[PDB]
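# Structure assessment
Chain residues, written in single-letter form:
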Amino acid sequence: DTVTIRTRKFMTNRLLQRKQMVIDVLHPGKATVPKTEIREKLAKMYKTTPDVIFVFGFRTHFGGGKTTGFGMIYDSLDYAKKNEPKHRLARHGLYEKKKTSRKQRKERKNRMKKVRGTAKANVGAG
Amino acid sequence: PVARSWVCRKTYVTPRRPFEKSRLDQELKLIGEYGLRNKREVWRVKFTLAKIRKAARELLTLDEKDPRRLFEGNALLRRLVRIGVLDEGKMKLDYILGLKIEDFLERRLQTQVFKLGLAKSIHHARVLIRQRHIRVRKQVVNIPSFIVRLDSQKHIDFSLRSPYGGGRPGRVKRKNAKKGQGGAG
Amino acid sequence: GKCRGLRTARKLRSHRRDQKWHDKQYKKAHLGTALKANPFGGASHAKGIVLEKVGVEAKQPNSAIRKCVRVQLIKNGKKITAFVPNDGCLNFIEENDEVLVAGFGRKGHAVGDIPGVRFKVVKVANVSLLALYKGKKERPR
Amino acid sequence: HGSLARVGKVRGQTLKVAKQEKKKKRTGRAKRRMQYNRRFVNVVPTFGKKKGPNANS
RNA sequence: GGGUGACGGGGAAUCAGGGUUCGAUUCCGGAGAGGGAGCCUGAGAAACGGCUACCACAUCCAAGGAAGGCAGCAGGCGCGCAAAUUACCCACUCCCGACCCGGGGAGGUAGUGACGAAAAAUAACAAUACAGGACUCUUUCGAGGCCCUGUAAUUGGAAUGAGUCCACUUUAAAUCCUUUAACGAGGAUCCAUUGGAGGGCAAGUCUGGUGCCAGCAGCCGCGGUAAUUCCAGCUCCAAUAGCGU
Ligand SMILES: [Mg+2]
Ligand SMILES: [Mg+2]
Ligand SMILES: [Mg+2]
Ligand SMILES: [Mg+2]
Ligand SMILES: [Mg+2]
Ligand SMILES: [Mg+2]
Ligand SMILES: [Mg+2]
Ligand SMILES: [Mg+2]
Ligand SMILES: [Mg+2]
Ligand SMILES: [Mg+2]
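Residues numbered from 1 in each chain as written, not as in the entry; some residues may be left out. Chains lettered and ligands numbered in written order. Part of a larger assembly, values for the part shown. Heavy atoms only, no water.

Regarding how it was determined, this PDB entry cites cryo-EM in its header, along with a resolution of 3.65 Å.

Here you go:
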């Protein structure tokens, strides 16, 4: 009700398949309104659902009655899982990632330098 | 390699003859007038001033009509007018060198928070600014030193969410109302 | 007089280059000697070991004893009579104990009433005397 | 010659005392205020052959 | 020829004008990968996270043999006056590859961090008791208060962040700031230091102890029984999240 959301420097990216712009959220008295709540506002504004909307990078000002951050609104989920960062899909978990945790991968790959050919042992390793 | 700037300077210069006495007197008188915090705060202004005075010297050694002076000078003056130090009409460069500390303190926030009633003594003013009580234009200025443009001055006042300027009352009054409601009443 | 002419530079320059080595300070920086001669091999301080506590009798008009410490350095293996500053401070220092020593304000020159004492003691067993003398810290045991 | 004996002779035997309990002294700016006030605005009296800030007859 | 506490430069610190000093170090160039030599591959190497030698160091050996190179990032020992984590991640910048897809201690991200630099709290206001002085009034004494300054009573509530902390935001995932609810100050407290107080040089001929001792003192000096110079107490002064050496 008392939030308000304005837009800025709006672009219609035919070639990244997206409406991308700066969101500028006046929001005095409250506590940097959450990203879910920004996307549901954007949907009513742009008449285009929340799933294709991806929002990020909100910085809140000193004092506090203004935040500012980038968001874009894809043409479809088809596209929004194509010309889109993986981490940001995983922000609303639709393209999560594996939990190997780097170091374990590096130490496996540093073995197998040891062994030649053994498809099953090379698969094994660790 | 990295990113990282490294670009940074000091803001002041410490005086060579370090107990001139007369110097001390004038410097404290300045700390008293304009509620300053420290000997540095005077010195950092005194260092800004100088820089301007230096530049203005350098421009005067050039010939007139020479594009460098005409350009910079104008800007340097236009800058000094914008902060409400130099006066329109008094814009012509030689008049800069005739200038002083006191004038560059006069256009602090604190000094303009005291002057523009609001406060109630230069000390009080300084506290408020810090406490997140006063706002310039729209942003809450936290910082005493905020030099206030001549443009900006008429838009200085309290913040819209802060006791003095029509806001939810602070936690001290808020406690005593709870004491009067539950405890006394 | 001067050389003064226009194509003199060299003659002028070289002359001053020569005369710099009659400037006592310049010579100190640019001959080796001094750097070699200091036990602190051009260092602000040096650690060392206190191989005895030594009674230094003060220079004439100011009659006293000074209480110093015969240090032997780590880096060089040279020796020193480091002054122990402050009152009762000598007693903090025990034999075979790891002093950090500094210069004494005078960059080679000896100081005040002490005779031929270039150095003052700063820390003992990684503690700092000031601290001990104040009573902030205590000697480890 | 001369012993390394007496060493801490004086500092030892002096008459030790506590350091009282006065007040939290004002700091930072407030200190500076108070200083400024007592040089320039409070006293400003009729002179009587020069001053003294820690003088005591 | 010798020396160099010599990688060169852009630059850095100082500065009136001239200078002096510094530049291992984030860009450019160069050099080298324990030392010296040789060479294969390849467009490009006389590559060292390639070989082959010797030397120097080191490691297992069933004693016949075999393997090694942190002046990458972490880390350790050693050296010293002297210097950070065996952390997270390819999200950014870029690079490499057959490659929109993999990889990167390059690179970023935290952690350590009083190298240094920027902002900046540690209180502010009131009426009181008072203590003083430009005005008005009064011969002086006293009074009317626009003006005001110090000490108190914390007398009075008001304001607040430090802090604790739900929640967003941040972000690769986090932290940090930022925004933000809820708690969160009477100074016994949420306690500001470091140096000095004979001169240079701001500031005690104060008060105790010492007696040419201990000690201070960059220099001039102080100390030999009234020490403005020591050790202490009190006050004072300078700079102040800093100040000494
Ligand atoms: Mg060399
Ligand atoms: Mg090479
Ligand atoms: Mg090595
Ligand atoms: Mg090679
Ligand atoms: Mg290597
Ligand atoms: Mg260090
Ligand atoms: Mg790296
Ligand atoms: Mg700082
Ligand atoms: Mg404090
Ligand atoms: Mg002095």
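Right, let's get into the protein's contact with RNA strand E. Taken together, 130 residues surround RNA strand E, and among them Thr32 of chain A, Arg9 and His133 of chain B, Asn86 of chain C together with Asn37 of chain D come closest. Take the atoms of RNA strand E that sit within 4 Å of the protein: sugar and phosphate atoms are 73% of them. Within the side chain of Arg105 of chain A, a nitrogen or oxygen atom sits 3.5 Å from a phosphate oxygen of RNA strand E. Contact between RNA strand E and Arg132 of chain B: a phosphate oxygen at 3.3 Å from a side-chain N or O atom of the residue. (Near = heavy atom within 4 Å. Polar contact = N/O pair within 3.5 Å; in protein donor to acceptor, adjacent residues only side chain to side chain.)

What follows deals with the layout of surface pockets. Its volume calculated, the largest pocket comes out at about 1,100 Å³. As for the largest pocket, its lining consists of 29 residues, of which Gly63 of chain A together with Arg132, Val140, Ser159 and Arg161 of chain B are closest to the centre. Those elements that place two or more of their residues in the lining of the largest pocket are β2 (139-140) and α8 (171-184) of chain B. Top contributing element to the lining of the largest pocket by residue count: α8 of chain B, with four residues. Split by residue class, the lining of the largest pocket holds eight nonpolar, eleven polar and ten charged. Its boundaries defined by the atoms lining it, the second largest pocket holds a volume of some 720 Å³. Lining the second largest pocket are 17 residues; nearest its centre among them are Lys21 and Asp25 of chain B together with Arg38, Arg39 and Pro53 of chain D. (1 Å grid on protein atoms, 1.4 Å probe; cavity = no way out; pocket = protein on both sides within 12 Å on 5 of 7 lines; lining within 4 Å. Points joined across faces, edges and corners; volume = space filled by probe spheres on them. Helix = DSSP H or I, 4+ residues; strand = E, 2+ residues; numbered from the N terminus. Nonpolar A, V, L, I, M, F, W, Y, C, P; charged D, E, K, R; others polar.)

Now for the pairing of strand β3 (residues 79-83) of chain C. Residue and element names in this part refer to chain C. Sheet analysis places strand β2 (residues 68-73) next to β3, joined by five bridges and oriented antiparallel. The residue bridging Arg70 from the neighbouring strand is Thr81, located in β3. If you look at the hairpin formed by β2 and β3, you'll find five residues sitting between the two strands, and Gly77 has a positive phi there, around 80 degrees. (Pairing = 2+ DSSP bridges.)

Let us now look at the packing of helix α1 (residues 22-33) of chain B against helix α2 (residues 39-61) of chain B. Residue and element names in this part refer to chain B. The geometry of α1 relative to α2 is characterised by a closest axis approach of 9 Å and an angle of 100 degrees between their N-to-C directions. Between α1 and α2, the angle falls in the class roughly perpendicular. For the pair α1 and α2, contact is made by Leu24, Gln26, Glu27, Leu28, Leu30 and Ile31 and by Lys39, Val42, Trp43 and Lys46, respectively. Tallied by class, residues from the contact of α1 with α2 come to six nonpolar, one polar and three charged. (Axes fitted to C-alpha atoms, helices over the stretch in contact; angles between N-to-C directions. Parallel < 35°, antiparallel > 145°, perpendicular 65-115°, else oblique. Contact = heavy atoms within 4.5 Å.)

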